[PDB]
Peer 1: 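If you scroll down you'll find the structure; I have some questions about it.
Labels below follow one simple rule: chain letters A, B, ... track the order of the sequence lines, proteins then strands, and each chain is numbered from 1. Worth knowing before you read on, the calculation uses all heavy atoms, side chains too, and leaves out hydrogens, waters and symmetry mates.
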2 protein chains.
Amino acid sequence: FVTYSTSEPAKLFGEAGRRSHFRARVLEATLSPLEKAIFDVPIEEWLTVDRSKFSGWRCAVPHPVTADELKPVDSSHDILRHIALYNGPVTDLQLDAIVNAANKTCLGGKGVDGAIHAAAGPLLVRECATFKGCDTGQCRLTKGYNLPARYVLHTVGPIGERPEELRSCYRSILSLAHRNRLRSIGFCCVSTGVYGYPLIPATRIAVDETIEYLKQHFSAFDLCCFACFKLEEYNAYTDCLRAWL
Amino acid sequence: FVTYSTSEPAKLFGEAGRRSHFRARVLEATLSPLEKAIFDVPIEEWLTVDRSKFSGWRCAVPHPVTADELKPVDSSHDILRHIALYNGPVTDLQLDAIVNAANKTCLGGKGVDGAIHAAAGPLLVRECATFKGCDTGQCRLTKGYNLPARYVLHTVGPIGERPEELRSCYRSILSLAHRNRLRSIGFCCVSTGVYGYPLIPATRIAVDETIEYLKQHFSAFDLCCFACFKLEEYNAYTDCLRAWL
(Lines give C-alpha, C1' and ligand atoms only; values in the text may rest on other atoms or scores of the structure.)
Protein backbone atom coordinates (compact mmCIF):
# COMPACT_ATOMS: atom_id res chain seq x y z
CA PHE A 1 0.00 0.00 0.00
CA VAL A 2 1.08 3.55 -0.78
CA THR A 3 -0.41 5.83 1.94
CA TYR A 4 0.32 9.28 0.51
CA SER A 5 -0.21 10.77 -2.93
CA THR A 6 3.30 12.37 -3.25
CA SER A 7 6.77 12.37 -1.69
CA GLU A 8 6.95 12.91 2.02
CA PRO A 9 7.87 16.44 3.09
CA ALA A 10 11.23 17.24 4.72
CA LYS A 11 9.41 17.38 8.08
CA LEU A 12 6.04 18.36 9.54
CA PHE A 13 5.61 22.15 8.99
CA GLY A 14 2.01 22.91 7.85
CA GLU A 15 -0.95 24.27 9.89
CA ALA A 16 -0.74 27.99 10.90
CA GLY A 17 -0.88 29.29 7.29
CA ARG A 18 -4.28 27.57 6.74
CA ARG A 19 -5.83 29.21 9.81
CA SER A 20 -4.46 32.71 9.06
CA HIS A 21 -5.71 32.20 5.48
CA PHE A 22 -9.18 31.09 6.69
CA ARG A 23 -9.26 34.12 9.08
CA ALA A 24 -8.32 36.33 6.18
CA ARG A 25 -11.09 34.91 3.89
CA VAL A 26 -13.67 35.32 6.66
CA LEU A 27 -12.71 38.96 7.23
CA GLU A 28 -12.63 39.75 3.48
CA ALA A 29 -16.09 38.30 2.70
CA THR A 30 -18.86 40.69 1.63
CA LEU A 31 -21.86 40.59 3.96
CA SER A 32 -25.38 41.00 2.64
CA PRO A 33 -27.56 43.91 3.84
CA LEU A 34 -29.51 41.41 6.03
CA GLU A 35 -26.26 40.12 7.59
CA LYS A 36 -24.68 43.55 7.91
CA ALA A 37 -27.73 44.84 9.80
CA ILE A 38 -27.43 42.04 12.35
CA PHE A 39 -23.67 42.23 12.50
CA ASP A 40 -23.60 45.97 13.26
CA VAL A 41 -25.93 45.80 16.31
CA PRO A 42 -23.65 46.85 19.15
CA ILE A 43 -22.80 43.87 21.32
CA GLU A 44 -24.34 45.30 24.55
CA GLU A 45 -27.58 46.07 22.69
CA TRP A 46 -28.06 42.49 21.45
CA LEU A 47 -29.25 41.16 24.86
CA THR A 48 -32.56 43.00 24.70
CA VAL A 49 -33.47 43.63 21.03
CA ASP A 50 -36.31 41.88 19.24
CA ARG A 51 -34.37 39.60 16.86
CA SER A 52 -37.42 38.66 14.79
CA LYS A 53 -37.37 42.20 13.33
CA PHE A 54 -34.31 41.19 11.29
CA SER A 55 -35.21 39.04 8.28
CA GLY A 56 -31.65 37.67 8.38
CA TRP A 57 -32.23 36.20 11.86
CA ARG A 58 -33.65 32.67 11.73
CA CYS A 59 -33.54 30.84 15.07
CA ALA A 60 -31.63 27.67 14.38
CA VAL A 61 -33.49 25.64 17.01
CA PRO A 62 -37.19 24.79 16.32
CA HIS A 63 -38.17 24.46 20.00
CA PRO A 64 -35.67 26.26 22.24
CA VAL A 65 -35.61 25.59 25.98
CA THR A 66 -36.19 28.65 28.15
CA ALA A 67 -35.07 29.18 31.76
CA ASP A 68 -38.58 28.52 33.16
CA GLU A 69 -38.36 25.02 31.59
CA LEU A 70 -35.09 24.20 33.39
CA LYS A 71 -35.78 22.76 36.83
CA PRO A 72 -33.06 23.37 39.41
CA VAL A 73 -31.24 20.53 41.10
CA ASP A 74 -32.78 21.61 44.46
CA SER A 75 -35.25 24.50 44.63
CA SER A 76 -35.05 24.57 48.49
CA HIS A 77 -31.23 24.95 48.61
CA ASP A 78 -29.91 28.53 48.58
CA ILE A 79 -27.12 27.79 46.08
CA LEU A 80 -28.46 24.77 44.15
CA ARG A 81 -31.74 26.50 43.31
CA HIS A 82 -29.51 28.42 40.80
CA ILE A 83 -28.16 25.24 39.17
CA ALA A 84 -29.92 23.02 36.60
CA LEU A 85 -28.92 20.11 34.36
CA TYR A 86 -30.18 19.66 30.81
CA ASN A 87 -29.90 16.32 29.01
CA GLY A 88 -29.39 17.74 25.53
CA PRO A 89 -27.16 20.03 23.45
CA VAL A 90 -26.21 23.40 24.90
CA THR A 91 -27.46 25.01 21.63
CA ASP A 92 -31.08 24.33 22.69
CA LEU A 93 -30.82 26.75 25.58
CA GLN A 94 -32.38 30.21 25.29
CA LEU A 95 -30.39 31.89 28.03
CA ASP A 96 -28.32 35.06 28.24
CA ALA A 97 -25.20 33.07 27.18
CA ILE A 98 -23.85 29.69 26.34
CA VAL A 99 -20.31 28.48 26.69
CA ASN A 100 -18.32 27.23 23.69
CA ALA A 101 -15.33 24.96 24.27
CA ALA A 102 -13.14 26.71 21.70
CA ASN A 103 -9.49 26.57 20.62
CA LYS A 104 -6.99 29.44 20.79
CA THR A 105 -7.94 30.81 17.34
CA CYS A 106 -11.69 30.94 18.17
CA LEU A 107 -12.41 30.03 14.49
CA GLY A 108 -14.33 26.75 15.10
CA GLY A 109 -13.42 23.09 15.28
CA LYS A 110 -14.75 19.68 16.23
CA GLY A 111 -17.41 18.84 18.76
CA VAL A 112 -19.49 21.41 20.58
CA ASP A 113 -17.43 24.19 18.90
CA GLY A 114 -18.57 23.04 15.42
CA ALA A 115 -22.14 22.51 16.65
CA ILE A 116 -22.26 26.06 18.00
CA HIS A 117 -20.81 27.63 14.82
CA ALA A 118 -23.26 25.61 12.70
CA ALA A 119 -26.30 26.66 14.76
CA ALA A 120 -25.21 30.31 15.12
CA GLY A 121 -24.40 30.60 11.43
CA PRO A 122 -21.58 32.27 9.50
CA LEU A 123 -21.55 35.62 11.45
CA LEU A 124 -20.28 33.96 14.60
CA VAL A 125 -16.88 33.12 13.07
CA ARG A 126 -16.84 36.57 11.41
CA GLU A 127 -17.02 38.16 14.88
CA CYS A 128 -14.38 35.77 16.22
CA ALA A 129 -12.03 36.58 13.33
CA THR A 130 -12.00 40.27 14.40
CA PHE A 131 -10.28 39.64 17.74
CA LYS A 132 -6.88 38.29 18.78
CA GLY A 133 -7.89 34.70 19.71
CA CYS A 134 -8.29 33.38 23.25
CA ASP A 135 -5.74 32.26 25.73
CA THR A 136 -5.96 29.01 27.65
CA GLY A 137 -8.11 29.64 30.76
CA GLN A 138 -9.62 32.88 29.46
CA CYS A 139 -12.95 33.72 27.85
CA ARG A 140 -14.16 35.88 24.93
CA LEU A 141 -17.73 37.17 24.48
CA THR A 142 -19.59 37.45 21.20
CA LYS A 143 -23.13 37.72 19.96
CA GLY A 144 -24.89 34.35 19.38
CA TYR A 145 -26.59 35.26 16.10
CA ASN A 146 -28.99 32.50 15.06
CA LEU A 147 -28.66 30.74 18.48
CA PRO A 148 -31.61 30.86 20.84
CA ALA A 149 -29.13 32.23 23.42
CA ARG A 150 -28.09 35.87 23.18
CA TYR A 151 -24.32 35.51 23.63
CA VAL A 152 -21.48 33.01 23.35
CA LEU A 153 -18.70 32.84 25.87
CA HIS A 154 -15.80 31.14 24.05
CA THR A 155 -13.32 29.65 26.50
CA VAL A 156 -10.14 27.62 25.88
CA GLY A 157 -9.75 24.73 28.23
CA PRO A 158 -6.55 22.75 28.60
CA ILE A 159 -5.92 19.75 26.32
CA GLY A 160 -4.88 17.42 29.14
CA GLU A 161 -5.70 17.09 32.81
CA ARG A 162 -4.49 20.54 34.03
CA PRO A 163 -6.70 21.44 36.99
CA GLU A 164 -5.54 25.03 37.38
CA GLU A 165 -6.12 25.88 33.71
CA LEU A 166 -9.66 24.40 33.71
CA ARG A 167 -10.44 26.23 37.01
CA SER A 168 -9.32 29.38 35.28
CA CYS A 169 -11.82 28.79 32.42
CA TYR A 170 -14.72 28.50 34.86
CA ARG A 171 -13.48 31.56 36.78
CA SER A 172 -13.17 33.56 33.51
CA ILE A 173 -16.57 32.61 32.17
CA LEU A 174 -18.29 33.35 35.48
CA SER A 175 -16.54 36.72 36.06
CA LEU A 176 -17.03 37.89 32.46
CA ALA A 177 -20.76 36.98 32.48
CA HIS A 178 -21.18 38.74 35.82
CA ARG A 179 -19.24 41.87 34.67
CA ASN A 180 -21.70 42.18 31.78
CA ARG A 181 -24.76 41.45 34.00
CA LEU A 182 -25.71 38.31 32.08
CA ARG A 183 -27.85 36.31 34.51
CA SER A 184 -28.36 32.95 32.88
CA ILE A 185 -25.56 30.78 31.44
CA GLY A 186 -25.61 27.39 29.67
CA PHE A 187 -22.37 25.42 30.10
CA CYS A 188 -21.02 22.66 27.90
CA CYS A 189 -18.51 20.09 29.23
CA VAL A 190 -15.21 21.95 28.73
CA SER A 191 -12.08 19.91 27.83
CA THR A 192 -13.79 16.48 28.13
CA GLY A 193 -14.06 13.69 25.53
CA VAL A 194 -11.49 11.75 23.51
CA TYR A 195 -7.91 12.35 24.67
CA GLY A 196 -9.12 15.17 26.97
CA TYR A 197 -9.71 15.91 30.63
CA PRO A 198 -11.28 12.81 32.28
CA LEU A 199 -14.98 13.35 32.91
CA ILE A 200 -15.36 13.11 36.68
CA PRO A 201 -12.37 15.34 37.62
CA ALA A 202 -13.42 17.93 35.02
CA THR A 203 -17.00 17.93 36.35
CA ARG A 204 -15.73 18.20 39.94
CA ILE A 205 -13.95 21.40 38.96
CA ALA A 206 -16.92 22.85 37.01
CA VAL A 207 -19.24 22.22 39.95
CA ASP A 208 -16.76 23.47 42.53
CA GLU A 209 -15.98 26.74 40.73
CA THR A 210 -19.56 27.49 39.89
CA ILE A 211 -20.79 26.89 43.44
CA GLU A 212 -17.91 28.98 44.87
CA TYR A 213 -18.86 31.83 42.56
CA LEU A 214 -22.51 31.55 43.59
CA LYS A 215 -21.60 31.53 47.34
CA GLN A 216 -19.38 34.59 47.06
CA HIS A 217 -21.55 36.64 44.74
CA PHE A 218 -25.17 36.31 45.95
CA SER A 219 -26.53 38.68 43.30
CA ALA A 220 -24.69 37.48 40.15
CA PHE A 221 -26.87 34.75 38.49
CA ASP A 222 -30.36 33.42 38.31
CA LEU A 223 -29.35 30.22 36.58
CA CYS A 224 -26.29 28.23 35.60
CA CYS A 225 -27.32 25.27 33.46
CA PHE A 226 -24.99 22.35 32.62
CA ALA A 227 -25.98 21.01 29.24
CA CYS A 228 -25.05 17.32 29.08
CA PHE A 229 -25.42 15.99 25.58
CA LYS A 230 -24.48 12.45 26.63
CA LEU A 231 -26.07 10.55 29.48
CA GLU A 232 -22.60 9.80 30.93
CA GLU A 233 -22.03 13.56 31.35
CA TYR A 234 -25.43 14.05 32.96
CA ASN A 235 -24.63 11.33 35.48
CA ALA A 236 -21.22 12.83 36.21
CA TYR A 237 -22.85 16.19 37.18
CA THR A 238 -25.56 14.44 39.17
CA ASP A 239 -22.90 12.52 41.09
CA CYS A 240 -20.67 15.54 41.68
CA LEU A 241 -23.64 17.65 42.82
CA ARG A 242 -24.85 14.89 45.11
CA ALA A 243 -21.24 14.39 46.31
CA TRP A 244 -20.98 18.13 46.89
CA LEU A 245 -24.16 17.91 49.01
CA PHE B 1 -19.48 45.47 27.84
CA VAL B 2 -16.09 43.90 28.51
CA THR B 3 -15.52 41.22 25.81
CA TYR B 4 -12.41 39.48 27.14
CA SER B 5 -11.51 38.14 30.57
CA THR B 6 -7.96 39.68 30.72
CA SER B 7 -5.70 42.22 29.01
CA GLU B 8 -5.34 41.93 25.29
CA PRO B 9 -2.15 40.21 24.11
CA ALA B 10 0.62 42.14 22.33
CA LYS B 11 -0.64 40.64 19.05
CA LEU B 12 -2.24 37.45 17.71
CA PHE B 13 0.32 34.60 18.20
CA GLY B 14 -1.48 31.44 19.48
CA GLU B 15 -2.54 28.30 17.55
CA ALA B 16 0.31 25.94 16.46
CA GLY B 17 1.33 25.03 20.05
CA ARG B 18 -2.20 23.67 20.77
CA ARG B 19 -2.15 21.37 17.74
CA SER B 20 1.39 20.05 18.36
CA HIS B 21 0.33 19.53 22.01
CA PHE B 22 -2.86 17.68 20.96
CA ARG B 23 -0.77 15.54 18.52
CA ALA B 24 1.62 14.82 21.34
CA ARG B 25 -1.20 13.76 23.76
CA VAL B 26 -2.74 11.52 21.10
CA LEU B 27 0.59 9.77 20.42
CA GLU B 28 1.38 9.37 24.15
CA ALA B 29 -1.98 7.79 25.11
CA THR B 30 -2.02 4.16 26.24
CA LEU B 31 -4.20 1.95 24.05
CA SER B 32 -6.19 -0.90 25.51
CA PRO B 33 -5.55 -4.49 24.34
CA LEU B 34 -8.80 -4.30 22.29
CA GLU B 35 -7.65 -1.06 20.62
CA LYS B 36 -4.07 -2.19 20.16
CA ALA B 37 -5.22 -5.36 18.38
CA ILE B 38 -7.21 -3.30 15.87
CA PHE B 39 -4.56 -0.64 15.56
CA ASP B 40 -1.77 -3.12 14.73
CA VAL B 41 -3.58 -4.79 11.79
CA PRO B 42 -1.40 -3.85 8.83
CA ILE B 43 -3.13 -1.27 6.68
CA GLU B 44 -3.24 -3.42 3.50
CA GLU B 45 -4.76 -6.31 5.47
CA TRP B 46 -7.69 -4.24 6.80
CA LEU B 47 -9.61 -4.30 3.47
CA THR B 48 -10.46 -7.98 3.73
CA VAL B 49 -10.44 -9.01 7.43
CA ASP B 50 -13.57 -9.91 9.37
CA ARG B 51 -13.86 -6.90 11.71
CA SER B 52 -16.52 -8.48 13.93
CA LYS B 53 -13.79 -10.80 15.31
CA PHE B 54 -12.41 -7.81 17.24
CA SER B 55 -14.47 -6.98 20.32
CA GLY B 56 -13.11 -3.43 20.10
CA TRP B 57 -14.73 -2.93 16.67
CA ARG B 58 -18.30 -1.61 16.93
CA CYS B 59 -19.72 -0.37 13.62
CA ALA B 60 -20.76 3.19 14.30
CA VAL B 61 -23.63 3.12 11.78
CA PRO B 62 -26.70 0.96 12.64
CA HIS B 63 -27.75 0.39 9.02
CA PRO B 64 -24.85 0.99 6.64
CA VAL B 65 -25.46 1.41 2.92
CA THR B 66 -23.68 -1.11 0.72
CA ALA B 67 -22.68 -0.70 -2.95
CA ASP B 68 -25.58 -2.89 -4.19
CA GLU B 69 -27.97 -0.35 -2.57
CA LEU B 70 -26.46 2.60 -4.49
CA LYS B 71 -28.13 2.99 -7.87
CA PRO B 72 -25.96 4.54 -10.57
CA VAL B 73 -26.93 7.77 -12.28
CA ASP B 74 -27.30 5.83 -15.59
CA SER B 75 -26.82 2.07 -15.71
CA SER B 76 -26.80 2.09 -19.57
CA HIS B 77 -23.96 4.66 -19.87
CA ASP B 78 -20.42 3.24 -19.95
CA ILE B 79 -18.99 5.86 -17.56
CA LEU B 80 -22.05 6.92 -15.53
CA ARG B 81 -22.92 3.34 -14.58
CA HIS B 82 -19.90 3.76 -12.20
CA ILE B 83 -21.29 6.92 -10.57
CA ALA B 84 -24.00 7.15 -7.89
CA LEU B 85 -25.39 9.90 -5.64
CA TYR B 86 -26.43 9.32 -2.03
CA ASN B 87 -28.64 11.81 -0.18
CA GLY B 88 -27.09 11.30 3.25
CA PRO B 89 -23.81 11.46 5.19
CA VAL B 90 -20.74 9.87 3.64
CA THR B 91 -20.25 7.93 6.92
CA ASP B 92 -23.22 5.68 6.03
CA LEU B 93 -21.38 4.19 3.09
CA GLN B 94 -19.84 0.72 3.38
CA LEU B 95 -17.38 1.03 0.53
CA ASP B 96 -13.66 0.42 0.17
CA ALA B 97 -12.99 4.09 1.14
CA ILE B 98 -14.56 7.37 1.98
CA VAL B 99 -13.10 10.80 1.50
CA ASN B 100 -12.57 13.17 4.44
CA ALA B 101 -12.27 16.90 3.78
CA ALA B 102 -9.40 17.40 6.22
CA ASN B 103 -7.01 20.23 7.15
CA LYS B 104 -3.22 20.15 6.82
CA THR B 105 -2.69 18.59 10.27
CA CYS B 106 -5.14 15.70 9.60
CA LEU B 107 -6.14 15.85 13.32
CA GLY B 108 -9.88 16.61 12.86
CA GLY B 109 -12.00 19.74 12.71
CA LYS B 110 -15.46 21.02 11.88
CA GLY B 111 -17.96 19.57 9.48
CA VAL B 112 -17.54 16.27 7.70
CA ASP B 113 -14.02 15.96 9.24
CA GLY B 114 -15.49 15.95 12.79
CA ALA B 115 -18.33 13.65 11.72
CA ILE B 116 -15.83 11.15 10.31
CA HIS B 117 -13.57 11.23 13.40
CA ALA B 118 -16.61 10.81 15.66
CA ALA B 119 -17.96 7.81 13.71
CA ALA B 120 -14.54 6.16 13.23
CA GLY B 121 -13.63 6.64 16.88
CA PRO B 122 -10.41 7.65 18.65
CA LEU B 123 -8.00 5.38 16.65
CA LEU B 124 -8.51 7.38 13.47
CA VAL B 125 -6.79 10.49 14.87
CA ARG B 126 -4.14 8.24 16.47
CA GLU B 127 -3.22 6.97 12.98
CA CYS B 128 -3.28 10.51 11.57
CA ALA B 129 -0.99 11.76 14.34
CA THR B 130 1.72 9.28 13.20
CA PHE B 131 2.27 10.92 9.81
CA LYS B 132 3.50 14.33 8.65
CA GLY B 133 0.12 15.97 7.84
CA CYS B 134 -1.27 16.49 4.34
CA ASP B 135 -0.50 19.09 1.78
CA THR B 136 -3.14 21.07 -0.07
CA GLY B 137 -4.24 18.99 -3.10
CA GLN B 138 -2.79 15.72 -1.80
CA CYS B 139 -4.34 12.72 -0.07
CA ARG B 140 -3.42 10.43 2.87
CA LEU B 141 -4.83 6.93 3.44
CA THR B 142 -5.74 5.43 6.79
CA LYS B 143 -7.85 2.64 8.17
CA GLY B 144 -11.51 3.60 8.89
CA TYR B 145 -11.83 1.80 12.22
CA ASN B 146 -15.44 1.89 13.41
CA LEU B 147 -16.67 3.25 10.02
CA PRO B 148 -18.66 0.94 7.78
CA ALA B 149 -16.09 1.81 5.07
CA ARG B 150 -12.68 0.14 5.20
CA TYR B 151 -10.45 3.18 4.59
CA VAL B 152 -10.38 6.96 4.81
CA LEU B 153 -8.75 9.09 2.17
CA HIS B 154 -8.00 12.42 3.90
CA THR B 155 -7.55 15.21 1.37
CA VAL B 156 -6.89 18.93 1.90
CA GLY B 157 -8.88 21.12 -0.41
CA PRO B 158 -8.21 24.82 -0.88
CA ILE B 159 -9.92 27.34 1.43
CA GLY B 160 -11.07 29.62 -1.39
CA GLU B 161 -12.01 29.16 -5.01
CA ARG B 162 -8.70 27.72 -6.35
CA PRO B 163 -9.64 25.42 -9.23
CA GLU B 164 -6.21 23.87 -9.73
CA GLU B 165 -5.82 22.93 -6.06
CA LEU B 166 -9.29 21.31 -5.88
CA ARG B 167 -8.60 19.44 -9.19
CA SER B 168 -5.44 18.18 -7.56
CA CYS B 169 -7.43 16.78 -4.58
CA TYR B 170 -9.69 14.78 -6.90
CA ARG B 171 -6.67 13.62 -8.93
CA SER B 172 -4.84 12.56 -5.71
CA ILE B 173 -7.77 10.71 -4.21
CA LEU B 174 -8.51 8.87 -7.45
CA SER B 175 -4.86 7.90 -8.17
CA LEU B 176 -4.17 6.82 -4.57
CA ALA B 177 -7.35 4.66 -4.42
CA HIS B 178 -6.46 3.10 -7.77
CA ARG B 179 -2.80 2.46 -6.76
CA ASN B 180 -4.09 0.48 -3.78
CA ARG B 181 -6.77 -1.34 -5.86
CA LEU B 182 -9.66 0.10 -3.84
CA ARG B 183 -12.67 -0.19 -6.14
CA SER B 184 -15.44 1.72 -4.42
CA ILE B 185 -15.12 5.28 -3.06
CA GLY B 186 -17.58 7.55 -1.23
CA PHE B 187 -16.89 11.26 -1.76
CA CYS B 188 -17.94 14.16 0.43
CA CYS B 189 -18.23 17.72 -0.95
CA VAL B 190 -14.61 18.93 -0.63
CA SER B 191 -13.99 22.64 0.17
CA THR B 192 -17.69 23.66 0.01
CA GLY B 193 -19.83 25.38 2.68
CA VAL B 194 -19.46 28.63 4.62
CA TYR B 195 -16.67 30.86 3.29
CA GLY B 196 -15.49 28.03 1.00
CA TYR B 197 -15.49 27.02 -2.64
CA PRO B 198 -18.91 27.90 -4.17
CA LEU B 199 -21.01 24.79 -4.65
CA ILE B 200 -21.60 24.60 -8.40
CA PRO B 201 -17.98 25.30 -9.51
CA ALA B 202 -16.66 22.83 -6.91
CA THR B 203 -19.11 20.15 -8.09
CA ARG B 204 -18.21 20.85 -11.74
CA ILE B 205 -14.60 20.04 -10.89
CA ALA B 206 -15.44 16.90 -8.85
CA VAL B 207 -17.59 15.54 -11.67
CA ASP B 208 -15.10 16.50 -14.38
CA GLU B 209 -12.08 14.92 -12.68
CA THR B 210 -13.89 11.77 -11.69
CA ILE B 211 -15.31 11.20 -15.18
CA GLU B 212 -11.89 11.91 -16.77
CA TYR B 213 -10.31 9.33 -14.48
CA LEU B 214 -13.01 6.79 -15.34
CA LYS B 215 -12.58 7.41 -19.13
CA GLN B 216 -8.81 7.01 -19.00
CA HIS B 217 -8.65 4.07 -16.63
CA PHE B 218 -11.37 1.59 -17.68
CA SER B 219 -10.41 -0.96 -15.01
CA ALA B 220 -9.93 1.26 -11.92
CA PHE B 221 -13.34 1.51 -10.12
CA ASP B 222 -16.66 -0.18 -9.78
CA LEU B 223 -18.29 2.75 -8.03
CA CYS B 224 -17.67 6.37 -7.14
CA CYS B 225 -20.46 7.63 -4.90
CA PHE B 226 -21.03 11.33 -4.11
CA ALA B 227 -22.55 11.57 -0.66
CA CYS B 228 -24.65 14.73 -0.47
CA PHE B 229 -25.74 15.42 3.06
CA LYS B 230 -27.78 18.46 2.04
CA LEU B 231 -30.37 18.51 -0.71
CA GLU B 232 -28.66 21.56 -2.28
CA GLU B 233 -25.51 19.45 -2.80
CA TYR B 234 -27.49 16.57 -4.27
CA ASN B 235 -29.08 18.95 -6.77
CA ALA B 236 -25.71 20.45 -7.68
CA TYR B 237 -24.36 16.97 -8.64
CA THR B 238 -27.56 16.09 -10.48
CA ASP B 239 -27.28 19.32 -12.48
CA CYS B 240 -23.57 18.94 -13.21
CA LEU B 241 -24.04 15.30 -14.26
CA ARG B 242 -26.99 16.21 -16.45
CA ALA B 243 -25.00 19.20 -17.79
CA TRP B 244 -22.08 16.87 -18.45
CA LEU B 245 -24.46 14.62 -20.44
Peer 1: Which region of A:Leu47, side chain (C-beta onward) or backbone (N, CA, C, O), has a non-hydrogen atom less than 4.5 Å from a non-hydrogen atom of chain B, or is it both or neither?
Peer 2: neither
Peer 1: What distance separates A:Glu45 CD from B:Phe1 CZ, expressed to the nearest 0.5 Å?
Peer 2: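 A:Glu45 CD to B:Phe1 CZ: 11.0 Å, rounded to 0.5 Å.
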Peer 1: Under 4.5 Å heavy-atom distance to chain B, tell me which part of A:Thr136 shows up: side chain, backbone, both or neither.
Peer 2: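 Only the side chain of A:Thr136 comes within 4.5 Å of chain B.
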Peer 1: Check whether more than 12 heavy atoms from other residues, nucleotides or ligands sit under 6.0 Å from atom CD of A:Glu232, and answer yes or no.
Peer 2: no
Peer 1: Measuring heavy-atom distances to chain B, does A:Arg126 have an atom under 4.5 Å in its side chain, in its backbone, in both, or in neither?
Peer 2: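 Contact with chain B: backbone and side chain both.
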Peer 1: For residues 28-40 of chain A, give me every residue with a non-hydrogen atom less than 4.5 Å from any non-hydrogen atom of chain B.
Peer 2: A:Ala29
Peer 1: Distance from B:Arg18 atom CZ to A:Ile159 atom CD1, nearest 0.5 Å?
Peer 2: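 With rounding to 0.5 Å, CZ (B:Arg18) is 3.5 Å from CD1 (A:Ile159).
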Peer 1: Answer yes or no: does atom OH of A:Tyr213 have more than 12 heavy-atom neighbours from other residues, nucleotides or ligands under 6.0 Å?
Peer 2: yes
Peer 1: Tell me, for A:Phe131 versus chain B, whether the close heavy atoms (under 4.5 Å) come from the side chain, the backbone, both or neither.
Peer 2: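 The answer is the backbone of A:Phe131.
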Peer 1: Does the plane of the ring in B:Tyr195 sit parallel, tilted or perpendicular to the ring in A:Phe22? Use 30° and 60° as the thresholds.
Peer 2: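 B:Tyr195 and A:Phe22: perpendicular rings.
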Peer 1: For residues A:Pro9 and B:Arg140, report the shortest heavy-atom separation together with the two atoms involved.
Peer 2: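 For A:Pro9 and B:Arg140, the tightest heavy-atom pair comes out as CD-NH2, 4.3 Å.
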Peer 1: Does A:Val194 form a side chain to side chain contact (heavy atoms under 4.5 Å, CB included) with B:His117? I'd like the steps, not just the answer.
Peer 2: CA-CA 10 Å; A:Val194 296; B:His117 284 266; over 6 Å; no
Peer 1: Give the minimum heavy-atom separation between A:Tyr4 and B:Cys139, together with the two atoms involved.
Peer 2: CD1-O, 3.3 Å
Peer 1: Indicate the atoms forming the closest heavy-atom contact of B:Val2 with A:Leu141, along with that distance.
Peer 2: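 Where B:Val2 meets A:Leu141 most closely, the heavy atoms are O-CD2, 4.0 Å.
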Peer 1: On a heavy-atom basis, which atom in A:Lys110 and which in B:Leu107 lie closest, and how many Å separate them?
Peer 2: CE-O, 4.3 Å
Peer 1: Are there residues of residues 160-176 of chain B that reach to under 4.5 Å of chain A by heavy atoms, and which ones?
Peer 2: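 Counting heavy atoms that sit under 4.5 Å from chain A, the residues of residues 160-176 of chain B involved are B:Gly160, B:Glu161, B:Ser172, B:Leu176.
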Peer 1: Measuring heavy-atom distances to chain B, does A:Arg179 have an atom under 4.5 Å in its side chain, in its backbone, in both, or in neither?
Peer 2: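 A:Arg179 touches chain B through side-chain heavy atoms alone.
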Peer 1: To the nearest 0.5 Å, what is the distance between CD on A:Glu44 and OG1 on B:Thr3?
Peer 2: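 The OG1 atom of B:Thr3 is 10.5 Å from CD of A:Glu44, to the nearest 0.5 Å.
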Peer 1: Between B:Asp113 and chain A, with a heavy-atom cut-off of 4.5 Å, which part of the residue counts as in contact: side chain, backbone, both or neither?
Peer 2: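 Neither; nothing under 4.5 Å.
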Peer 1: What are the two closest heavy atoms between B:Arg25 and A:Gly196, and how far apart are they?
Peer 2: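 Result for this residue pair: NH2-O, 3.2 Å.
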Peer 1: Looking at A:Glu8 and B:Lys132, what are the two nearest heavy atoms and their distance?
Peer 2: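 Closest heavy-atom pair between A:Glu8 and B:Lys132: OE1-CE, 3.8 Å.
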Peer 1: Select one option (side chain, backbone, both, neither) describing which atoms of A:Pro42 are under 4.5 Å from chain B's heavy atoms.
Peer 2: neither
